[PDB]
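**Q** here are the coordinates; sequence isn't available:
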Ligand SMILES: CCCCCCCCCCCCCCCCCC(=O)OCC(COC(=O)CCCCCCCCCCCCCCCCC)OC(=O)CCCCCCCCCCCCCCCCC
Ligand code: HEA
Ligand code: HEA
Ligand SMILES: CCCCC/C=C\C/C=C\C/C=C\C/C=C\CCCC(=O)O[C@H](COC(=O)CCCCCCCCCCCCCCCCC)COP(=O)(O)OCCN
Ligand SMILES: CCCCC/C=C\C/C=C\C/C=C\C/C=C\CCCC(=O)O[C@H](COC(=O)CCCCCCCCCCCCCCCCC)COP(=O)(O)OCCN
Ligand SMILES: CCCCC/C=C\C/C=C\C/C=C\C/C=C\CCCC(=O)O[C@H](COC(=O)CCCCCCCCCCCCCCCCC)COP(=O)(O)OCCN
Ligand SMILES: CCCCCC/C=C\CCCCCCCCCC(=O)O[C@H](COC(=O)CCCCCCCCCCCCCCC)COP(=O)(O)OC[C@@H](O)CO
Ligand SMILES: CCCCCC/C=C\CCCCCCCCCC(=O)O[C@H](COC(=O)CCCCCCCCCCCCCCC)COP(=O)(O)OC[C@@H](O)CO
Ligand SMILES: CCCCCC/C=C\CCCCCCCCCC(=O)O[C@H](COC(=O)CCCCCCCCCCCCCCC)COP(=O)(O)OC[C@@H](O)CO
Ligand SMILES: CCCCCCCCCCOC1OC(CO)[C@@H](O[C@H]2O[C@@H](CO)[C@@H](O)[C@H](O)[C@@H]2O)[C@@H](O)[C@H]1O
Ligand SMILES: CCCCCCCCCCO[C@@H]1OC(CO)[C@@H](O[C@H]2OC(CO)[C@@H](O)[C@H](O)[C@@H]2O)[C@@H](O)[C@H]1O
Ligand SMILES: C[C@H](CCC(=O)O)[C@H]1CC[C@@H]2[C@H]3[C@H](O)C[C@@H]4C[C@@H](O)CC[C@]4(C)[C@@H]3C[C@@H](O)[C@@]21C
Ligand SMILES: C[C@H](CCC(=O)O)[C@H]1CC[C@H]2[C@@H]3[C@H](O)C[C@@H]4C[C@H](O)CC[C@]4(C)[C@H]3C[C@H](O)[C@]12C
Ligand code: CUA
Ligand SMILES: [Cu+2]
Ligand SMILES: [Mg+2]
Ligand code: NA
Ligand SMILES: [Zn+2]
C-alpha cells in the first residue's frame, strides 16, 4: 500500500506532527466516540454451573480464596452462582 | 518378558514386532560399521611418525563425507518409513478394548456388547505364588483372543501413564482427556508382559500389564464368566 | 436389523491415533437423534448405531460424566 | 609447555596424606548416612 | 591508559542486589502462594526497584556525565536492546502457541467449539478497537518526538513525548476497566487462561514501556539528550514499537479471530 | 512549527566520547577504531605499528581471506617479521595523551 | 578489596573463575545424586523408598548436571575466560550485567535444594510434565520452587547470551571478520543464539504450569479445555535446542584441543566447521517432537520428525571427520587433554549414532521411556560434554592458574573415568532393548545382571571424581609455575602469560586490513 | 529549566577515586546501605522461612 | 590494584597447602554430602 495521502519528499518532524494531529489523534477521538456510545451494561447471562468455567483447583492467595483478582459482583458469578 | 542377561529385544509376538527386529538388525549393522570405522581411523591417524602440518585443502573430501552419510541416512529412512506407514494401515478390528491408567493400576473395559470392566493390580511380592514373577504378575489379566486384530484405546483418569507391551511392539501414552488408539494382534497364545512407561508418582514401578492370549472360544466364555 | 455389530468400524473422518473426537461425535449424534425421535413422535431404534459405536469407543467414566451433566443442565455440547 | 620446578614440592608422603584426606571427605559423611539407612527408614 | 574505545565499568554492587532481589521475589511468591505471607515478596519487590533505579542511574552517570559512551559502546548497546526485544518476542510466542493450540482444536469439555460454551467475548469493535487506535497513535507521536529531538527542537520533543505517555496511560486505564468489566475471569477455562495471561503480560510491558518513556521525559527535561546522542530514548521507542506490535497480534488473534 | 533548546555533541559530549569525536575530526585514530591499511611490508617499507609501550601484539592475516590469524608481540627496535609469511612490522612507540 | 573483587566484579576472568568454582561444586552434588540413583538400582528390592524419593533424586541429578554444572562451566567459565582473550577484547560488552548472570545461579541453586527439602520434593522428572507436576498430584511448594529455580537460571542464561552475542559481533579487532574468529568463539555465539530463542519459550511454558498450579488457569488441564500435550511441545521446543546448547561449546573446545595437540596451526576445513555448527543450530529448532513419538501423533507428522532429526547426522559427520583430518599428519602430543579429546570423538560418535536409532519413530515406540534412551544421552553427555569439559580444564588450567598439573596423575584420572563411564552406561543399551523402563526404583528380576554391573561402573567413576579433586590440590600445593607455551601464534589466549594480568588488551592488538 | 549537565559532568569526573555508584555524595552511600541491608536481611529471613517450611507441622 | 600472578587471581588462599587441603575438602565435601543429608532429611520426616 501507499495509503491515500502523499508527502514523502522528506519525512521530518513537521510531517510526523501533521500525522499525529491530523490522523492519529482524530482516529482516537472517533473510536472514543464510538466506544463511549456502544457501551451500556449488557444484560448478564443466566448462570449455568458449567464444569469448564469458574475453575477452582486451589484457592486464590487473597480474600476468601474464592474470588478472582478483578472480581465484578455484577457480572462474575462464583462457582455457586451470582452474589447477593 | 525379559530373561536373565538378555542382550536384545524380547522375541517378537506380532508381525509388526518381527518387522522392527529386522529393521533394528539393519540399523545396528550401520551403527557398528560407522563406529568401528571411526575408532579405526582414529588409531590410524595416531600410529605414524610421518607428518604433514601445512595447509590441507577441504572442498573435495567434504563431498565424500557429506554424500556417503546422506546415502546411508536414506538407506535407514526407507525401511523405517515403510514400517511406520504399515503400523498405520486400516485393518478393521474384530474387538475394541479400552484401558484407563490410574495411580497405580490399570482398569480395562470391553464394552462392545456387554458392560465388562475390572481393575488390574500388581501381585505384591509377599503374595506371589511359587514360580511367579516379582513386580510383573497382576491379579486380573487382560484376556484377549489370539490371531485377531484388536483395537486398544488408551487414556488415563489422573496423571500421565503409558501402556506398553514390548513383545508386541506396543507403547501408547495414557493421557487424561485423550483417547489414544493402537492395534494389537498376537500370532501366538500365551502371557505377555509390560510395565507403566511414563513416570506417574509413588508406584510408577509397580503397575504392570499382563496380556493372556487364548483362542476365541475361551475368550468368549471368559467374557461371559467375567460379567 | 442391518446390524450384527462386532465393534465400531474404521471411520475415515477420524483416521489417526487420537480418537477422542470419534467417541464424542457419536455420543452427540446418538443423543441428538434420540431427541429428534422422542420429540417428533418416532422410534429411538434408528439411533441404535450411534449408541453401539459410542458405547464401544467411549470410556465408561466419560459417558458417565456426560450423562450426569446432561441431567444437571451443564452439558457444554449442543444437543 | 615448560614450567619451573615446584616452589613448595609435594613429596610422596604429602601426596598420600592429601589423597587420603580427599577420599575421606567424600566417603565418610555419605558412609555415615548410608550406614544408618535402616535407622532412618523406620524411626 | 587504555587505547580502545570500550567501557571498563567500576566494580558494582547492583548485580548482587539484583540477584538477591530475584531470590526474594521468587521466595516471596512461594511464601504468598503457599504460606499466605507477603513479607518476602514485599522486600523482594522493594530491593528490585532499588537495584534498577541505582543501576540505570549509574548508566546515566557513566554516559551523560562521564562520557564513556563512545560510538562503539553505543553500537554494542544497540545490539543488546535488539537481542533483548527478540527474547521478549519468543516469550510471547509461547503464549500465542498456547492460544492457537487450544482454540484450533476445542476439546469436548468446552463443547468442542470456540469460544467455549458459556463464554461471551468482548466486542472487538468497542474498547479493544479504541485500545488499538491509542497504541497506533502513540506510535506516530513517538516518531514525531524522535524527529523533533534530532532536529534540535526541545519543546516539540517534550510535547510529542508527553502525548505518547498519556496515550500509554490511557491504554492502561482502559485495559484495567476492561478487566473489571469482563464477564469472564482467569479461572474460566483455557479461554480466560489464555486471555488474561497473554493480555496481562502485554499490559505489564505497556507499564514497563511507559515507565521507560517517563524516564526519557525527565532526562529530556534535564537536557541529557543531544540532537545526536540519545540511546535511552531510541531504545524506549524500539521497545514501545514492540509493545505496539505485540498488541496488534493479540488484537487480531485473541480479540478478533478468537471471538 | 520549529525551535531549539537541545544540546549538541559539540557542546555537551565529554570524556572519552569527546576525545574520539575530536580526534576523528582531525582525521586521527588514537583509540584504534579503524583497521590500519598495510604497506608493502618489505624491509624498506615495513608496516608501522603505533604503541604506547615497548611492545604490542600484532595479528597478521597473511593472505586475504585466511581464517587463521598469526599472533605475536612486536617489540621496540629492529623490525620483526610474521612467523608465517615474513611481512615486516616495526613498532613506533608512545604519546597519544599530550 | 576481597568483596569488591569477588562480589562486585566487572572482570571477565574473575567472573569466569566464579563460574568454574560454582560448576565444580555443582558437579559434586550431581555426582552424589548419581551415586544415590545407582545405589538404589545396585541390587533388586527397595533401598531408599518408593518411587517418590527416588525420583526426586533422579530429577535433581538432571537439573544439577545440566543447569548448574555443564552450562555454568562451559558457557560461564570457559566462555567468559576465553572469548574476550581469543578476540583481543578488553572485557565483555556488558561487564556489570555479566556479574548478575553469575550471581543469579546460587539463588537458583538454593531454590532447587529448597524444593527437595520442603514437602516430599519434586519427583517429576527434569521434564516436569503435568498432571503429575500439577497442584493435585504434586501439591505444595516443591514444584513451585523448582519452577522458580528454572526462571532464575533462565534469566541468567538469557542475559549471558545477549552479552556473548554482542561481545562477539561488536568487539573484535576492526580488521577481523567473523571468518577470522576461532571455532570456540563461533561455538559460543551459536550457543548464545539458541539460548536467546529457546529459553523464553521454556519460560512461557513453566509460567503457564505455575499459573495452572496457583492462579486456577487450565492451560494443561482438560477440565478447563487444556491439554497436557501442549506443555510437552513448549518444553521440548526448548528441550532439543538445549541439548545442542550443552554440546556446541564442547565441539568448540574439542576443535582447539585437537588442533593444538596435533601440532597444527589450524583445524581442518574451518569454513566447513562453521557451516556445521550453524546447520546443527538451525536444525535443532525443527525436530523437538522426536521426544513425543508415543503421545499419539499423526503418522505424517511422525514421518517428518523422523526425517528432519536424521539430517543432523550430516553436519555432525563433517565435524567428526574434520577432527580426524586435523589429527592427520600431525606431530601428536599424547597429553591428558588430547586423551580426553580422542575419547570424546569416539564416545560422542557412539551416542550420536544411538540417537539416530531413536530418531526412527517406529523403533522409538519400543525404545521410548526405556534405558536405551538413558544410554544414548549419557554417552553424549556423561562422555561427550563431560570429556570436552575435562579436556578443556586440563588444557587451560595452567593459563587460568599459572601452575601446571601432574601429567601422569591426569592420565591416570582419564583411564579410571574412561572405564567407569563405559562400565556404567554400556550395559544400559541391553536393559533398554529388553524393556527396562526409565524412572524405576526397582525392576523385574531378569534385569539384575546389567543393573549390578552398571552400578559398579558408577563407583569407578566416583573414584575418578575424588581423584580429580586431589589432583587439583596437588597442582596448587606444589606450585610449578609456567614458563613457556608452544603455538602461541595460533592460540592468542596464551599470549598474555599465565595467568594473564587482571587487565588485558588495554592497548588493543594491531591487525592490518591490507 | 536550565541546562546544568556541565555541573554534573564536573562532579562525576572529579578525581576522588570514588566508584560511580557512590560518586554522587552521601546520599548514594545511604541508599546503598539501605538496599544492601534489605537484600542481606531479606536473604537471611528467606533462609529462616526455608528452615521452617522444610519441616512438617503435622 | 588487585594482586596479580599465580595464586593471587583466585578467591581462596593457596599460601599454605594444608590450609588449602582443608578448604577444598570442605568445599567439595559439602557439595557431595548435601544430597545424602537431604535424603536422610526426607526419610526422617515420614
Ligand atoms: C560391559 C558388559 C559387556 C557384555 C558383553 C556381551 C556378552 C555376550 C554373551 C553371548 C552372546 C551371543 C548370544 C546372544 C546374541 C544376541 C543378538 C541380539 O539380540 O543382538 C542385539 C544385541 C547384542 O549386540 C551384540 O551382539 C553385542 C554387541 C557388543 C558390542 C560390544 C562392543 C564392546 C566394546 C568394549 C566392551 C564394553 C564396554 C566399552 C564400550 C565402548 C563403546 C562401544 O544388542 C545390542 O545392539 C547391544 C549394543 C547396542 C549398540 C551400541 C552401538 C555401538 C557399540 C560399539 C561400537 C564399537 C566399535 C569398535 C569396537 C570396540 C572398541 C572398545
Ligand atoms: C550433563 C548431564 C548428565 C551427566 C554428566 C550425568 C552423569 C551421570 N548420570 Fe545421569 N541423567 C541426566 C543427565 C546427566 N547424567 C539426565 C538429563 C537424566 C534424566 C532425568 C529424568 O529422567 O528426569 C539422567 C538420568 C540418569 C539415570 C536414569 C534414572 C532413571 O531413569 O531412573 C541414571 C541411571 O544410572 C543416571 C546415572 C548417571 C551417572 C552414574 C552419571 C555419572 O557418569 C556421573 C559421573 C561424574 C561426573 C561426570 C561429574 C564430573 C564433572 C565435574 C564434577 C566438574 C569437575 C570440575 C571441573 C573440571 C571444573 N542418570
Ligand atoms: C549433549 C546432548 C545431546 C546431543 C548432542 C544429542 C543428540 C542427538 N539426539 Fe538425543 N537426547 C539427549 C541428549 C543429546 N542428544 C537427551 C538428554 C535425551 C533425553 C531427554 C529426556 O527424555 O530426558 C535425548 C533423547 C533423544 C531422542 C528421544 C528418544 C526418546 O525419548 O524416545 C531422540 C529421538 O530422535 C534423540 C536423537 C538424537 C540425535 C539424532 C542426535 C544427533 O544430534 C546425533 C548426531 C551425531 C551422529 C550421527 C554421530 C556422528 C556422525 C557421523 C560419524 C556421520 C555418519 C552418520 C550416519 C550416516 C548415521 N535424542
Ligand atoms: C491492568 C493490566 C495489566 C496486567 C498486570 C497488572 C496487575 C496484576 C499483577 C501482576 C501481573 C503481571 C503478569 C501476569 C501474570 C498472571 C496474569 C494476570 C493478568 C491479570 O491481571 O489477570 C487478572 C487475574 O488476576 C490474577 O490472577 C493476577 C494475580 C496477581 C498475582 C500475579 C501472579 C504472579 C505470577 C507471576 C509469574 C512470574 C513469572 C514471570 C517470569 C518472567 C520470565 C522469567 C484478570 O482478573 P479476573 O478477576 O480473573 O478477571 C476479570 C473479571 N472481571
Ligand atoms: C504469532 C507470533 C506472535 C508474537 C509476535 C510479537 C511481536 C512481533 C515481532 C517484531 C516487532 C517489534 C519491534 C520492531 C522495532 C525496532 C527493532 C530495532 C531495529 C533497528 O532499528 O535496527 C537498526 C539497524 O538494523 C540492524 O541492527 C541489523 C543488525 C541486527 C543485529 C542483531 C541480530 C544478531 C542475532 C543473530 C544473527 C542471525 C543470523 C542470520 C543468518 C542465519 C541463517 C539461518 C539499529 O542499528 P545497529 O544495531 O547499530 O546495526 C547496524 C546495521 N545498520
Ligand atoms: C476521556 C478520553 C481521554 C482523551 C485521550 C487521552 C490523551 C490525548 C493527549 C494529548 C493531545 C491533545 C492536544 C495537544 C495540545 C496542544 C498542542 C499545542 C501546539 C499547537 O497549538 O499546535 C498546533 C496544532 O495542534 C492542535 O490543533 C491540537 C490537535 C487536537 C487534535 C484532535 C481533535 C479532532 C477534531 C475533529 C476532527 C475529526 C475529523 C476526521 C477527519 C479525517 C482524518 C484523516 C499547530 O501550530 P503552530 O503554530 O505550527 O506551532 C507553534 C509551536 N507550538
Ligand atoms: C514459521 C515459518 C515456517 C513454516 C513451516 C510451518 C511450521 C508452523 C506454522 C503452522 C501453524 C498452523 C497449522 C495449523 C493447522 C492445523 C489445525 C490443528 O487442528 O492443529 C492444532 C494445533 O496447531 C497449533 O496450535 C499450531 C501452533 C504453532 C506451532 C509451531 C511452532 C513454531 C513457532 C516458533 C517460531 C518463532 C517465530 C517468531 C515470530 C515472528 C491441533 O492439532 P491436531 O493434531 O489437529 O489435533 C486434533 C485431534 O482431535 C485429531 O487428530
Ligand atoms: C510500576 C513500574 C515498575 C515495573 C518494573 C520495570 C520498571 C521500569 C523499566 C523501565 C526501564 C527504564 C530504563 C531506564 C534506562 C536509563 C538508562 C539509559 O537510558 O541509559 C542510556 C543507555 O541505554 C541503556 O543502557 C539502555 C537500558 C535498557 C533498559 C530496557 C530494559 C527494560 C526492562 C524490562 C524488565 C522486565 C522484563 C519482562 C517481564 C516478563 C544512556 O545513554 P544515552 O541515553 O544515549 O545518554 C548519553 C547521552 O546523554 C550523551 O550525550
Ligand atoms: C518469577 C520472577 C523471576 C524474576 C527474575 C528477575 C531477575 C532479575 C531482576 C533484577 C534485575 C534488574 C536490574 C537492572 C538490570 C540492567 C542491565 C542493563 O541495563 O544492562 C545493560 C546491557 O544490556 C542492555 O543494554 C540490553 C538488555 C537490557 C536487559 C534488562 C534486564 C531485565 C531483567 C529481566 C529479564 C527477563 C527476560 C525476558 C524474557 C522472558 C548495560 O550493561 P552494564 O554491564 O550494566 O553496563 C555497560 C556500561 O557500558 C553501561 O554504561
Ligand atoms: C515477573 C514480574 C511479576 C512479579 C510478581 C508479581 C507480583 C504481584 C503482586 C500481587 O500482589 C498482591 O497480592 C495481594 C494478596 O496478598 C493483594 O491484597 C489483597 O489480598 C488480600 C489478603 O488476603 C486482601 O486482604 C485484600 O482484599 C487484597 O485484595 C494485592 O492488592 C496485590 O498488591
Ligand atoms: C555412594 C558413596 C558412598 C561410598 C561408600 C562409603 C565407603 C565407606 C565409608 C566409611 O564410612 C563409614 O564407615 C562406617 C562403618 O565402617 C561407619 O561407622 C559406623 O559404624 C561403626 C562400626 O561398625 C561405629 O564404630 C560408629 O558408631 C559408626 O556409626 C560410618 O560412620 C561411616 O563414616
Ligand atoms: C518548561 C518547558 C520549556 C523548556 C524548558 O524547560 O526550558 C515546557 C515546554 C514543553 C513542555 C510541555 C509540553 O507542551 C507538553 C505538556 C502540555 C501541558 O498541557 C502540560 C505539561 C507538558 C507536559 C509540558 C510541560 C512544560 O513545562 C514543558 C516542559
Ligand atoms: C560457500 C561456503 C563458504 C566458502 C568460503 O567462503 O570459504 C562453503 C563452506 C562449507 C561448504 C559446505 C560444506 O563443505 C558441506 C557440503 C559439502 C559438499 O561438497 C557440497 C555442499 C556443502 C553444503 C558445502 C557448500 C559450500 O561450499 C560451503 C557452504
Ligand atoms: Cu503409571 Cu508410571
Ligand atoms: Cu531432542
Ligand atoms: Mg514418555
Ligand atoms: Na532398587
Ligand atoms: Zn603473515
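**A** Looks like it came in fine. Residues are numbered from 1 along each chain as shown, chains lettered A, B, ... in the order given. Ligands and ions are numbered 1, 2, ... in the order given.
**Q** and the host helix or strand of residue G:38, is it in reach of ligand 9?
**A** According to DSSP states H and E, residue G:38 maps onto helix G:12-40. No. Figure legend: helix G:12-40 not in contact with ligand 9 (C-beta under 6 Å from any ligand atom); closest approach 11.1 Å. To be clear about C-beta, it is placed using only N, CA and C from the backbone, and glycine gets the same treatment.
**Q** got the buried residues for the longest helix seen in chain B?
**A** In chain B, taking DSSP state H as the definition, the longest helix is helix B:15-45. Using 16 or more other C-beta atoms under 10 Å in any protein chain shown as the test for burial, helix B:15-45 gives B:16-17, B:19-21, B:23-24, B:27, B:30-31, B:34-35, B:38, B:41-42, B:45.
**Q** what helices or strands is that helix leaning on?
**A** Helix B:15-45 is packed against helix B:61-88, helix G:313-327, helix G:336-358, helix G:361-367, with contacts defined by 3 or more C-beta pairs under 8 Å, 6 or more residues apart in numbering or on different chains; DSSP states H and E.
**Q** Out of those, which gets nearest to residue B:183?
**A** Among the helices and strands packed on helix B:15-45, the nearest to residue B:183 by C-beta to C-beta is helix B:61-88 (8.2 Å).
**Q** helix or strand right after the closest one?
**A** Using DSSP H and E, the next helix or strand after helix B:61-88 towards the C-terminus is strand B:95-102.
**Q** The next helix or strand after that following strand near chain G anywhere?
**A** Once the chain leaves strand B:95-102, the next helix or strand it forms, by DSSP H and E, is strand B:105-110. No. Applying C-beta under 8 Å from any C-beta of the partner chain, one finds strand B:105-110 separated from chain G by no less than 14.3 Å.
**Q** Ok, stretch A:50-61 next?
**A** Yes. If you take C-beta under 8 Å from any C-beta as the test, stretch A:50-61 does meet chain G, through A:51, A:52, A:53, A:55, A:56, A:57, A:58, A:60, A:61.
**Q** residues of that stretch that come out buried?
**A** Neighbour counts using 16+ other C-beta under 10 Å place A:50, A:51, A:52, A:53, A:54, A:55, A:57, A:58, A:60, A:61 of stretch A:50-61 among the buried residues.
**Q** Residue G:336: which of the residues of stretch A:50-61 next to chain G is nearest?
**A** Nearest to residue G:336 among the residues of stretch A:50-61 next to chain G is residue A:58, at 53.9 Å by C-beta to C-beta.
**Q** Spit out the contact partners of the residue nearest to the closest one when sequence neighbours are not counted.
**A** Nearest residue to residue A:58, sequence neighbours excluded (C-beta to C-beta, 6 or more residues apart in numbering or on different chains): residue G:135, at 4.9 Å. Counting by C-beta atoms under 8 Å, 6 or more residues apart in numbering or on different chains, residue G:135 makes contact with A:57, A:58, G:212, G:213, G:214.
**Q** again, only this time at 10 Å
**A** Residue G:135 sits next to A:57, A:58, E:33, G:143, G:144, G:209, G:212, G:213, G:214, G:216, G:221 when contact means C-beta atoms under 10 Å, 6 or more residues apart in numbering or on different chains.
**Q** Any idea how far stretch G:59-78 is from the middle of the chain?
**A** A distance of 6 Å separates the C-alpha centroid of stretch G:59-78 from that of its chain, computed with C-alpha atoms, centre = their mean, to the nearest Å.
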